[PDB]
């Protein structure tokens, strides 16, 4: 019935296979070659560190793409596993009680991220054939540009945060992204250029889960930052002003986007292709979050020393 529709794609090279067994055989063959890096990295990051038997891997691959069943829930679970799991992202660990350097590293690399964000959302506006998707993304772009009804845009709030931390706007804007922000931006741009608007929507809005304060309810071992920062006299008001935005908005915002992603993925019968691309966006986001931290290292040598202690 779903015999030919249920034929699995390689999550690394995107080749199609007749069964989970054929995919497992392929992945095992390519990963056990000197030349390949991509397939072994994918298996290490998502399945296991130790080498599995083809049938063992076939069952592991099937369980990984079918559980959780809900795409919205699958995206949420994989995001937590990757960034808020047993080994949370080093940027998130540093973000718990951030130094001036952590926060400036955030400002400097995120200014570039926000420029790419509004451009990639604009490609969705152009390529989508769904009015609810177009309305949603135009609201998003408008709020990233002029802000919400007189309030400043997230971009302006970020620049104001940097200025409050002692870095003039002129210096922030003239600072080129670090290589991993560039690499991440290139990946997201190529997703927006070559993939479906639905894949692009899932790839970008899944990242908003980083500031979703509900994540701890689903297994996140840490918040994005210590919520005490939003009330203590320890940080400038501009820091509180910027961080409070994601703190009140992204729980309902990421939820609404992923709800639409789940709906159209069912209609267009593209669950695995969307799952593959979201994982690829997760690899870009981790690199980009590293760039934020490494920018912090440039400003604060003690921050590098602490992370590697």
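Numbering follows the first chain given and starts at 1.
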### Message
On mean Cα temperature factor in this entry, is 266-274 or 34-42 the higher one?
### Response
34-42
### Query
Going by the B-factors listed in the PDB entry, is the mean over the C-alpha atoms higher for 132-140 or for 106-114?
132-140
#### Entry: Largest Cα B-factor, entry values, listed residues 232, 182, 194, 175
232
## Note on the structure
Reading the B-factor column for Cα atoms of 188, 74, 83, 148, the highest value belongs to 148
### Within-chain third of residue 243 by Cα B-factor, per the entry
middle
### Chain-relative CA temperature factor third for residue 101
middle
### Task
Would you mind checking where the Cα B-factor of residue 259 ranks among the modelled residues of its chain, as the lowest, middle or highest third?
middle
### Query
residue 206's Cα B-factor: lowest, middle or highest third of the chain?
lowest
#### Entry: residue 153 by Cα B-factor - lowest, middle or highest third of the modelled chain
highest
